[PDB]
Amino acid sequence: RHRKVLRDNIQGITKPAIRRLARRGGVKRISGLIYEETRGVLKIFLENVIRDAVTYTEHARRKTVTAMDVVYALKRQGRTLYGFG
Amino acid sequence: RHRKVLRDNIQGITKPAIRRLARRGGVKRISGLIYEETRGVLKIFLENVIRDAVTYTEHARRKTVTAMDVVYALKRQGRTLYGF
Amino acid sequence: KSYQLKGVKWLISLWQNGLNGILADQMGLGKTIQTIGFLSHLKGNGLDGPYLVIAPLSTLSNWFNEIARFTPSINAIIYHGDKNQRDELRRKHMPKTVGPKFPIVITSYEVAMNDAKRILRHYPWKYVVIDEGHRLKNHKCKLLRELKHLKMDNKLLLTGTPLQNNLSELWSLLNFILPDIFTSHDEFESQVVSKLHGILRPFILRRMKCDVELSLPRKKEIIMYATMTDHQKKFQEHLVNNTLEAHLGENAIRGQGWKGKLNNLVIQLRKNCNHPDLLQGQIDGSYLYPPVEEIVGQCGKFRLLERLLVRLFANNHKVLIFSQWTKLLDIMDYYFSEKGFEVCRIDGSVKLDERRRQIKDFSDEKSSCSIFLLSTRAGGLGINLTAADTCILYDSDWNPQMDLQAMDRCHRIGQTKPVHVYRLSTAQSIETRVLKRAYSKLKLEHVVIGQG
Amino acid sequence: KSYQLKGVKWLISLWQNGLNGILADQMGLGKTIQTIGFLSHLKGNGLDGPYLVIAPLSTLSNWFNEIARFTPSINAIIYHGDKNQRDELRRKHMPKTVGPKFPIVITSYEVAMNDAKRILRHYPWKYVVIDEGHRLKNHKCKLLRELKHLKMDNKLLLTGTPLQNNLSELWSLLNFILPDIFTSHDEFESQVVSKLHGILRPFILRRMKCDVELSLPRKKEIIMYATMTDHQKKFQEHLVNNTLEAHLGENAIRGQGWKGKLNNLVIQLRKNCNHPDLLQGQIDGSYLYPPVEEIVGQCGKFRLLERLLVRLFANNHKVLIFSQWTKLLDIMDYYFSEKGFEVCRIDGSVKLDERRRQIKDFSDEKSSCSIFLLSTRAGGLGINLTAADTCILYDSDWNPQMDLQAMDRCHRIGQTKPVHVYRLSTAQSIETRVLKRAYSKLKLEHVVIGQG
Amino acid sequence: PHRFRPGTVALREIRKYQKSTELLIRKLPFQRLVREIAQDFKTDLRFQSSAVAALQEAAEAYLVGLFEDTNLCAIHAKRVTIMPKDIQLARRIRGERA
Amino acid sequence: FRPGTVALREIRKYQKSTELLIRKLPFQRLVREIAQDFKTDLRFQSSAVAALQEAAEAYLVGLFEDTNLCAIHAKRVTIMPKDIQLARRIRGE
Amino acid sequence: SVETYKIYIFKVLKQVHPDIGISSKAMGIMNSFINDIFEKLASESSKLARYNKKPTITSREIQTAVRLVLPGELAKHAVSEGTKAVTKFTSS
Amino acid sequence: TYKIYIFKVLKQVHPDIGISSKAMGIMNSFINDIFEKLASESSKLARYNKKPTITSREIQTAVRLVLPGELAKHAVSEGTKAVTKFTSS
Amino acid sequence: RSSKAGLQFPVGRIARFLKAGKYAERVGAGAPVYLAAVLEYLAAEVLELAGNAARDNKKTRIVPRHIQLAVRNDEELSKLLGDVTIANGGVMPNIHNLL
Amino acid sequence: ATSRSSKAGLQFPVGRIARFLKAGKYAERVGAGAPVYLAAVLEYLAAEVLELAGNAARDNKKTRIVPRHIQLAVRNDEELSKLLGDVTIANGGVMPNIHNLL
DNA sequence: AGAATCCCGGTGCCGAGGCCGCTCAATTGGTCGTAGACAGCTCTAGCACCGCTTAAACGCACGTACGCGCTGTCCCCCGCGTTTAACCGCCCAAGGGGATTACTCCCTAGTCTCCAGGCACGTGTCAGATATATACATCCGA
DNA sequence: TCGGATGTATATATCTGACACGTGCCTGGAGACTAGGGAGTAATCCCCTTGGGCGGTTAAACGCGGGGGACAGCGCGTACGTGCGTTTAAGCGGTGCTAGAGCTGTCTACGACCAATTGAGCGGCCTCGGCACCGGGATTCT
Ligand SMILES: Nc1ncnc2c1ncn2[C@@H]1O[C@H](COP(=O)(O)OP(=O)(O)O)[C@@H](O)[C@H]1O
Ligand SMILES: Nc1ncnc2c1ncn2[C@@H]1O[C@H](COP(=O)(O)OP(=O)(O)O)[C@@H](O)[C@H]1O
Ligand code: BEF
Ligand code: BEF
């Protein structure tokens, strides 16, 4: 009866955006089952990085995940990022 | 005419040894071009490690490569070695 | 219309000294008439020139309508929309050649802001007229930056509430309407009250609702509290403490472990004090609207609305309802539509031409769509509803001047029947905190009125 | 044979007191022709019980041959090889039942060491006889550990040079031949010379080459130096300074950047002083052997060998050549084979039965294979060459007693023609350093002889 | 009607997206995603607006790197189409979870 | 026996054991020649050459067992030098 | 002259499996594992104290070194046990 | 930040090329990353030998361990040239 | 000292190691206690798994093979010891798509 | 009061490098040649990357270095691509690479 | 058939476990600078809802070309047996080399005193962006 | 093989908002002395890596069937690419409101330093049994 009914935020990563990412990766054809596989392998990456970032935040006794918490979490897992301090 | 004719040390790693390694890897059939490919990736890996293990030895003024230089050289490359 | 003749006497004067002015005429007094009167006064004395009018979407329509009914023949054209605006741009009239066919340019704040480039090219505009001055009350708003690119040799500002929040909105306007007395130094007003009245007598021109016409019947703004019911108290404590997302999570049909909406507890307590269904329907993420259709009676403020409305159908005089959000108006509509009442509604989600015809139908006296839902900023500015007679403000806050502009919507020249206003509220609650804040803001407003 | 009759008088005595002995009889006489005499003295009546003989591969053959020629019928069997040794093990005779057919067990130091298990089972051995005592001169050698697992109720040791290096080899032997002399405390000898002669008179039994019978005319050991030629000097300096691997690397046909063989120089400068080809052959692959065949004359020591040999063909008496390595004997063979001389050679690389027949042919007087290459440890122990008359030691070091055992190879009962020895060497060189070290070792040896 | 043959509009897209440097996902859904993910470890959190930018730009450089080697697995298998098999092979001989 | 049946005997036999699969002396000779081009006149401890062999054999066994996932992905049973290159391409070497 | 963790690992093993023993190679493996983990946790604690501006390594940043270095279900137990000891150390 | 010094080096190799505000941020991050890699490798080198001083031999070994071959070969020569000019001159 | 804490590891030696390696300037009092507890915990969880793998093979003494198998079965330890090679430690048996 | 950099003939701040080496206490003592050596190495690497980036900017017919040019220079060269093997330059992009029909 | 294999009696022996005499480490008690935690004040961003544009996502229809299966050919890899030569080897030897301890110096600590840098903030001057225009180059289908 | 639909590639401009000095101090440089010791450069004993050998004995190398697996070709049909006409929804402006990050001021507790103990652990004595380790026979196998 009326109301709104929201949508899984992971569904907010739309099919066109995944196709754009694959095109930048060099891909020519996509199977129709790639999208639900990519949606699942993005969530794991984000869970790992965010779990480290929030630990760094709570150590500082802060309530705001900042931009080094993320850069430190990334450098710790082999992923060095330039351009954010 | 009747003298000592030597061979590239690279060959001392024989085809049966490579097949034993592949069998422990789970491989069932092996092409005949594998042996010269394995024998070339092994040398690359090994001379990446010896080059650092000898650098760790030159710093200490030693002339003997110890089992600890090799462990440090391996840890520098992401692989850890327990038990020496 | 005498006042409006003193309204055209003072904008012909402003035209003379070469000055710019803030027509702060009382809201609900016919400011718009006067505007087209000044615009005919000049239209035919060699004042042909590029002329530009900017206003809110809702009013643009009313303005065209008024032109079609007061002035016999003023070349005019509504430049609304995008891409379809490109054709009428030239089927308007010559590019810059201004003749007796050059049509009055009527635009909106979005259009004006988004594509000023098009209008930037036009000649020094004889008179740019901005309907709602409150839009420019911030000195860093992007509209203001884009509004300076226009080459304007004269400016004019229409409003009914010049200051609402504080004095800095007066400061930002001045610099705009009149760069001459800008004083970008915090201003020197801060005895002094008289000194301010020396600067402001020259331009500001305000009237009043009492004016002279006894025609205007008086209105009554009265606050009728309600008693927060048990269930709302349970919801409120489970928030004052915590574990509401979980006690209610006991159900949580959707969005399991629904995000603790523990932000600005105040708000998440105002939403409760509006109707608990709001906080319920997200945690549970269910699809069906109130199941019994009567639990709506669990909301105390809802029950006081219902009884008020049954007593106001005893006479049938048409009502007006206002709200801050649009989820709550939706609940209301659901409730009444189940009983069967015919309702009309114009929030910001509805389209422009769609909402214009709804009024044209609501304005139809024969039709019995008495109820009229209407969100504040949605359509609380620029709409005549002489048909209605009573305004109910379910909830409004943070700026008292926001509410007034709505009350007048019903109460404006032509409203014969005396008007009431029913600001509902809940006693001893977060609502009273806001009410007191609003009173504080008014306190400032009355110190401003003493200034007047 | 009188001495050999006093040799059997003293091992019948040892058998009596229940003692163990070191037959250090002079090398080049008796020993073998004495051992089988004691073994018939007991094989008569006393039988053999379980009787075990261990010896170097080369001698095992000579021993079988001697048995076949001195003793009329001694059940005997050579347990040589592996897997083929399993059949003869039983086609030998009953397992443990010792009868007049139980055959003498002749094994080698490898066989004895590798499969002692098989022989471990046999009864307390009446007499284990170890031909070359020098093999056990180390008290941590694995053979000694495996030799104790045997249940031995009597022991015997044959040798001709009891001590060579120092006194600790005397210490390790004693404990073995006679554990009654455990004395595992550095020994108490360290006037004292007489005190040592009290302990050692009871067992050790040494005779001399002069003995009584003229037989072998006195030999002459003479050192004839050579002058290092220019090219060798060039090689030596580039070795002593450096960049030899590169100056010679100027060619380096194979093994580019050949590993700097800069191992203390000692391991190399001797190789130079032997023949520079050894170095050249490795730095540059040079599949072809010095094609000029007169670049061998660049070696001074080679040229002194050549002239010596031309003067010794003037008489034709057969020569003997010794060396430390086998690459150098190979160069020599190449050189002479180009001229056409027929050569026979027995190094450690050649097989056992193969080398036994070569001797049987060299021993053939009619055949004109006069030259005989022979490496020290290769076949400098246990071989009769009464046919030859002259021994040339190209090079030998680190242990002087190593060389002597070779000289006697040619000089042994039955050698009628007087023997010379030509220890070649290079004057003012690394060779003289070694020569002096050897003299030092002998100095010790002569202090040992005074002891005698 | 004038149509293009299948796979010619895909090759001009590869050239288009391999010259630009822009950020190829919508910004609001990504923020809602990361807030939903972080809503487990700690509740009632705040995100500095430059941190979600760092996250987005760290997350797309990862997917672009994964796609350009799930496309080496497809060419090894005599294809031009990528299926989930290629992603799983690539992630398993990288050790990403093995 | 038929082609392919005593191979699986070898996969089973060699995955139970723990002992070294390369002969010791040739491997020692190799590691000595490929250090002559960093430092001349160098000596090794005996435990330094046992540690190099343990790491090298582990490396080769680990590379062979994902070289085998690539061959199966391409619907084969025979490993080819094309598979080793795909495996090393993605691991980063 | 050479200090290791042999005694303590042996005592822990007797506490876990009262009858199983351990050879020397496995004992070396276990010694190396403990050294590796100690180095990891200590270095992370030092670096994490350096990110903030503090010259002191307390216990509450052995917490977060553990939460960064150990995975999932392993850390949630270890952390707990750590707190246990510290309480019993101080309210003793 | 190192920006001043970075700019100087640019005006030595390309006297007519400038740099965007973001590219200088990249260069700053790169210098700060390399410095910390080298300084930590030197710390480990000193601790493995039980020495309490980081001389210019720890830096040389850290460069040989951290930089790739041809790059390290030239970095070493630059640094030794600098130290020679420092002490001698 | 480290009997008041119920630990089996040496807190004093841990503190000596922490202050020797110069990881910081000052070391608190709860730091060696915390670090010594979280080491005996990990030792106790590896040893239990190794002993279980010993029991299946009908053995009474753990060997390197047992540590290898215990580490490669469990998910957490295999994730922690993901790049370690246990000397003389064989491999986890497995065969793919064939007899 | 001549600075250390002028004595060493460098453009990087030897003194500021020495302070950065002290702070953080990588160890207890720091020699006098360590910061000179470290600053010389840092200047060398900076000049290497900046030269390649300037060439890449001229190749694209520009006169101002942007992140794209740093990305191009780093990922074209061999040793630099080994060193910066797993780093993400932001607002750069991957280089052109089409393989096979794909 | 002719071939594959576990379990159960028979085998040693040397490495794991105990004992130990000990000496240098870790405990208790003291002293004391300086870090902690707190407390408070300032006030700068996260966020939170609503209203418009327009660009992007979404659905849909066709059509085709790429994936997948089936069949045939041939070649190369595997299993087995004989013969050669090499690693795991017993021994030999010298110089090496590697962790020890020695007075001696000079070379890093500090405590301070001022000239010098740098970083932040306040201004212009663009130059590479972007949009309109114009050719010059390429897919495509027949 | 032409002729056409567009697609990128060159050339006109404006237009920002960024790039480009400028300044003014304050905190960090450098300079000068003094102290302690941390290296540095010796002198000695050794355990220890480095040549020959030398056997020798499985393992390596070589060769020969012969099948079973790789690879090419061919057909079918299904799922994905291209283009077009709606529909959201992100993506912008405007409107508020504390919350929480940052710095400073103040005292109490806590950790480094240092003396005097003493019982922990480490290196080196022995001793026995749980590893292995051998034949020798019942059972699967393809
Ligand atoms: N001078 C007038 N002549 C005729 N009708 C008038 C006049 N002034 C006001 N009205 C009536 O009263 C209504 C309200 O006045 P309006 O101009 O709409 O007010 P506002 O000032 O709020 O725009 C008009 O729409 C019209 O119907
Ligand atoms: N008693 C003897 N009777 C006969 N010939 C003998 C006798 N003693 C020695 N010979 C001869 O001299 C040779 C050398 O003696 P032999 O026993 O071989 O010496 P060795 O003691 O070195 O073994 C014998 O092979 C033999 O030909
Ligand atoms: F135009 Be009015 F203010 F309604
Ligand atoms: F048998 Be003898 F010593 F030659």
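As documented in the archive entry, the model was determined using cryo-EM at 4.05 Å resolution.

Chain E has the name Histone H3.1 in the PDB entry, where Arabidopsis thaliana is given as its organism. For this entry, the PDB title field holds "Structure of DDM1-nucleosome complex in the ADP-BeFx state with DDM1 bound to SHL2 and SHL-2". Per UniProt, chain E has the following entry under Sequence similarities: "Belongs to the histone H3 family."

As annotated in the PDB entry, chain C carries the name ATP-dependent DNA helicase DDM1 and is attributed to Arabidopsis thaliana. Quoted verbatim from the Catalytic activity field of UniProt, the annotation for chain C is "ATP + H2O = ADP + phosphate + H(+)". Check the Sequence similarities section of the UniProt entry for chain C; it says "Belongs to the SNF2/RAD54 helicase family."

Peer 1: Can you help me understand the overall build of chain E in this one?
Peer 2: The helix and strand tally for chain E stands at 4 helices and 2 strands. Mapped in sequence order, the helices and strands of chain E form the string α-α-β-α-β-α. At 18 Å, chain E has a C-alpha radius of gyration far larger than the 13 Å of a compact globule built from 98 residues. Over its C-alpha atoms, taken along the principal directions, chain E stretches across nearly 50 × 40 × 25 Å. By the burial criterion, 48% of the 98 residues in chain E qualify as buried. Relative to all contacts within chain E whose residues are 6 or more apart in sequence, the contacts with residues 24 or more apart total 38%. Accessible surface, chain E as shown: approximately 5,300 Å² in total, 51% of it carbon and sulfur.

Peer 1: Can you walk me through the overall build of chain C in this structure?
Peer 2: Scanning chain C for helices and strands turns up 19 helices and 12 strands. Reported as C-alpha extents along the three principal axes, the dimensions of chain C are approximately 75 × 55 × 50 Å. Looking at chain C as a whole, 49% of its 452 residues qualify as buried. Of the roughly 23,200 Å² of accessible surface on chain C, a fraction of 56% belongs to carbon and sulfur atoms. In chain C, which carries 64 positive and 46 negative side-chain charges, the distance between the mean positions of the two groups comes to 5 Å.

Peer 1: Explain the domain arrangement of chain C here, please?
Peer 2: By a widely used convention, the size of an interface equals the accessible area lost when the partners come together. All names here are of chain C. Domain boundaries assigned for chain C yield domain 1 (2-200) and domain 2 (220-451). Computed from C-alpha coordinates alone, the two centres of domain 1 and domain 2 are separated by 33 Å. At the interface, 22 residues of domain 1 touch 19 residues of domain 2. When domain 1 packs against domain 2, the two sides together hide about 1,700 Å² of surface, and 57% of this comes from carbon and sulfur. Applying the counting rule to domain 1 against domain 2 returns 0 salt bridges. Summed over the shared surface of domain 1 and domain 2, the result is 5 residue pairs in polar contact. When residues of the side of domain 1 that touches domain 2 are traced back to their parent elements, those giving at least two are α3 (57-70) and α9 (192-200). A per-element tally of the side of domain 1 that touches domain 2 places α3 first, with 6 residues.

Peer 1: Is there a simple way to think about the sheet that holds strand β7 (residues 220-226) of chain C in this case?
Peer 2: Residue and element names in this part refer to chain C. Pairing is parallel in the open sheet, where 6 strands are placed in the order β7-β12-β11-β8-β10-β9. Strands at the two margins of the open sheet, each flanked by one partner only, are β7 and β9 (343-346). The mean inter-strand angle of the sheet, taken between neighbouring strand axes irrespective of direction, is 20°. Pairing of strand β8 (residues 319-323) with strand β10 (residues 371-375), which is carried by 3 bridges, proceeds in the parallel orientation. Opposite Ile321, over in β10, you have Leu373 as the bridge partner. Sitting on the sheet, helix α14 (residues 300-313) touches β7, β8, β10, β11 (390-393) and β12 (420-426), and the angle it makes with β12 is about 160°.

Peer 1: I keep staring at the protein's contact with DNA strand L and nothing clicks. Help me out?
Peer 2: Not every one of the 80 residues close to DNA strand L is listed here, only the nearest: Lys63 of chain A, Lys142 of chain C, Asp82 of chain D, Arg32 of chain E together with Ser1 of chain G. Sugar plus phosphate: this is where 98% of the atoms of DNA strand L within 4 Å of the protein reside. In this structure, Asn263 of chain D approaches DNA strand L through a side-chain N or O atom, which is 3.3 Å from a sugar or linking oxygen. One nitrogen or oxygen atom from the main chain of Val27 of chain I is found 2.8 Å from a phosphate oxygen belonging to DNA strand L. Examining the composition of the surface near DNA strand L, we find that 4 residues originate from one element, helix α2 (residues 27-38) of chain E, more than from any other. When grouped by side-chain class, the residues that make up the surface near DNA strand L number 24 nonpolar, 23 polar and 33 charged.

Peer 1: What should I look at first to understand the site of ligand 2 in this one?
Peer 2: All names here are of chain D. In the vicinity of ligand 2 there are 13 residues, among which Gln4, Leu29, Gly30, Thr32 and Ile33 approach most closely. Between ligand 2 and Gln4 there is a distance of 2.9 Å, counted from a nitrogen atom to a side-chain nitrogen or oxygen. Separating an oxygen atom of ligand 2 from a side-chain N or O atom of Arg412 is a distance of 3.1 Å. Taken by itself ligand 2 offers 550 Å² of open surface, and the protein chains cover 73% of this. At the level of secondary structure, the elements contributing two or more residues to the shell around ligand 2 comprise α2 (32-46) and α3 (57-70).

Peer 1: Explain the UniProt feature "binding site: ATP" in chain C here, please?
Peer 2: All names here are of chain C. With numbering aligned to this structure, UniProt lists the feature "binding site: ATP" at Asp25, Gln26, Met27, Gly28, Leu29, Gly30, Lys31 and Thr32. Mapped onto the elements, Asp25 comes out in the loop between β1 (21-23) and α2 (31-43). For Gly30, the location among the structural elements is in the loop between β1 and α2. On the basis of relative accessibility, which here comes to 16%, the residue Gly30 falls in the buried class. Ignoring sequence-local partners within four residues, the contact set of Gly30 consists of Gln4 and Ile413.

Peer 1: What am I meant to see in the protein's contact with DNA strand K here?
Peer 2: As a matter of local geometry, DNA strand K sits amid 79 residues, with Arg20 of chain A, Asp82 and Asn263 of chain C, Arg35 of chain E together with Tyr5 of chain H nearest to it. Sugar and phosphate atoms represent 96% of those atoms of DNA strand K found within 4 Å of the protein. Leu143 of chain D is positioned such that a nitrogen or oxygen atom in its backbone is 2.9 Å from a phosphate oxygen of DNA strand K. A distance of 3.2 Å is found between a sugar or linking oxygen of DNA strand K and a side-chain nitrogen or oxygen belonging to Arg29 of chain J. When grouped by side-chain class, the residues that make up the surface near DNA strand K number 23 nonpolar, 22 polar and 34 charged.

Peer 1: Can you help me understand the interface of chain I and chain G in this one?
Peer 2: Of the residues lining the interface, 52 residues belong to chain I; the matching set on chain G comes to 54 residues. Applying the counting criterion to the chain I and chain G interface returns 10 residue pairs in polar contact. Within the residue set of the side of chain I that touches chain G, elements represented by two or more residues are α1 (11-20), β1 (26-27), α2 (30-56), β2 (61-62), α3 (64-73) and α4 (75-80) of chain I. Of all the elements, α2 of chain I adds the most residues to the side of chain I that touches chain G, at 20 residues. For the side of chain I that touches chain G, a count of residues per class yields 31 nonpolar, 8 polar and 13 charged. Bridging between strand β1 (residues 21-22) of chain G and β2 of chain I involves 2 bridges; their strand directions are parallel. Residue pairing for β2 of chain I: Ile22 of chain G is matched across the bridge by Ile62 of chain I.

Peer 1: Please explain the packing of aromatic side chains as it appears in this structure.
Peer 2: Two aromatic rings, taken as a pair, are described by how far apart their centres are and by the angle between their planes. Applying the stated criterion across every chain, the model contains 29 aromatic pairs over all chains. A ring pair is formed by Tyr289 of chain C and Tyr334 of chain C, whose centres lie 5.1 Å apart and whose planes are at 55°; its orientation type is tilted. Of the two residues, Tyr289 of chain C sits in the loop between α13 (277-283) and α14 while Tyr334 of chain C sits in helix α15 (residues 327-339), which places them 45 residues apart along the sequence. For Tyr334 of chain C, a relative accessible area of 4% puts it in the buried group. Ring geometry for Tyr335 of chain D and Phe336 of chain D: centres 4.8 Å apart, planes at 80°, overall edge-to-face. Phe336 of chain D matches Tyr335 of chain D in its accessibility class, with the two residues each being buried. Aromatic ring contacts, followed pair by pair, group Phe302, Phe313, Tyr335, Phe336 and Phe341 of chain C into a single cluster. One residue, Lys155 of chain C, lies across the ring of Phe176 of chain C, its end atom 5.2 Å from the ring centre. We note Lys271 of chain C situated over the ring of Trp325 of chain C; from NZ or CZ to the ring centre the distance is 4.8 Å.

What counts and how
- Residues numbered from 1 in each chain as written, not as in the entry; some residues may be left out.
- Chains lettered and ligands numbered in written order.
- Heavy atoms only, no water.
- UniProt positions renumbered as here; feature names shortened; annotations may be inferred.
- Helix = DSSP H or I, 4+ residues; strand = E, 2+ residues; numbered from the N terminus.
- Rg over C-alpha atoms; globule rule 2.2 N^0.38 Å.
- Buried < 20%, exposed > 50% of the residue type's maximum accessible area, 1.4 Å probe, protein only.
- Contact = heavy atoms within 4.5 Å.
- Areas by Shrake-Rupley, 256 points an atom, 1.4 Å probe, with all protein chains shown as cover.
- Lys, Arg positive; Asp, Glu negative; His and termini not counted.
- Charge placed at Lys NZ, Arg CZ, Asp CG, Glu CD.
- Domains from an automatic or database assignment.
- Buried area = accessible area lost by both parts, 1.4 Å probe.
- Salt bridge = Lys/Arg side-chain N within 4 Å of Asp/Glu carboxyl O.
- Polar contact = N/O pair within 3.5 Å; in protein donor to acceptor, adjacent residues only side chain to side chain.
- Pairing = 2+ DSSP bridges.
- Axes fitted to C-alpha atoms, helices over the stretch in contact; angles between N-to-C directions.
- Near = heavy atom within 4 Å.
- Nonpolar A, V, L, I, M, F, W, Y, C, P; charged D, E, K, R; others polar.
- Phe/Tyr/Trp six-rings, centres within 6.5 Å; stacked < 30°, edge-to-face > 60°.
- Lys NZ or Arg CZ within 6 Å of the ring centre and 35° of its normal.

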